[PDB]
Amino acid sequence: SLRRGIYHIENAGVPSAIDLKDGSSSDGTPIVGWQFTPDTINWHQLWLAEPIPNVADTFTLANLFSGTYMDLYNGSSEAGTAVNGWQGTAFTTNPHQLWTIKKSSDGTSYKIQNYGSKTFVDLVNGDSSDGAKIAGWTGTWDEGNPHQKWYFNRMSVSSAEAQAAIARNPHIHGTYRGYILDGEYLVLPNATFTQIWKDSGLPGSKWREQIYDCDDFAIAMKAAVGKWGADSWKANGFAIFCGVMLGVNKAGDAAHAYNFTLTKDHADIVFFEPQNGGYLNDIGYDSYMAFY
């Protein structure tokens, strides 16, 4: 079954993502196909899938930027029915906003079925142009039609997935303890992680003994990413990934505070030095504590 999380949803036949037009929170804003740039935040194209309790394989889909919900207009089962953003809530009983999402007959892409209409999210005519209509349409679970197939490319990790990534790192001290703060995390491309660092004022901050030293840079980076998350997204129910670590060197005679992020594949961590913006597979310290 599809996991709770944040997805970039890409048509299987042409490289168009599901896009809430202009990111607008107005009710009735069209959801359209649109091109995308890999390894970026695609600002209007991220969707938080919230599973519904006791309704197998069925979800709301909140646009991360607008906080509004994928909605089949008036629930109609007519082919060509509008799919728009619309105000709602994560666990609504409104069928217009409830979507049964299960694997297609290719085993990798998914179909997206409205729970009330039983019709499917369809890139009309397989049109690849920017702004192409997405509609509800008649269909079947098993058929090959690529207009109705969608790759759910996962952009978040659970806390357990983050924990796993840490656990297979080679630079973890024997005394390590991790402290988990949230449940579901948007993983940032390094280009975005870097941007937040640049915009934080940290690049200009001078190292000063105790009063503005490693711990202060690492905590300030984590607070900057937290502030960015809230200021940037209107949906709730997830956090932004940015860890702090405390580590000790191999000799046991120096310790350091720094940050960490995750690889593009979500399988491994990467250290970040908030005093200079560098990313390192080996920062020269084994982590004895992390919070994230």
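Position 1 is the first residue in the sequence shown; the rest follow in order.
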**OP:** Name the higher of the two by mean Cα B-factor in the PDB entry, 122-130 versus 94-102.
**Re:** 94-102
Original post:
Should the higher mean CA B-factor in the entry be assigned to 8-16 or to 278-286?
Top reply: 278-286
**OP:** Kindly indicate the residue among 234, 264, 44, 227 with the greatest C-alpha B-factor in the PDB record.
**Re:** 264
Original post:
Which one, 35, 40, 58, 26, has the peak C-alpha temperature factor per the PDB entry?
Top reply: 58
Original post:
For residue 185, does the deposited CA B-factor place it in the lowest, middle or highest third of the chain?
Top reply: lowest
Original post:
Looking at the C-alpha B-factor of residue 30, is it in the lowest, middle or highest third of its chain?
Top reply: lowest
Original post:
What third of its chain's C-alpha B-factors does residue 244 belong to: lowest, middle or highest?
Top reply: middle
**OP:** For residue 257, return the chain-relative third of its C-alpha B-factor as stated in the PDB record: lowest, middle or highest.
**Re:** middle
Original post:
Should residue 154 be placed in the lowest, middle or highest third of its chain by the C-alpha B factor in the entry?
Top reply: middle
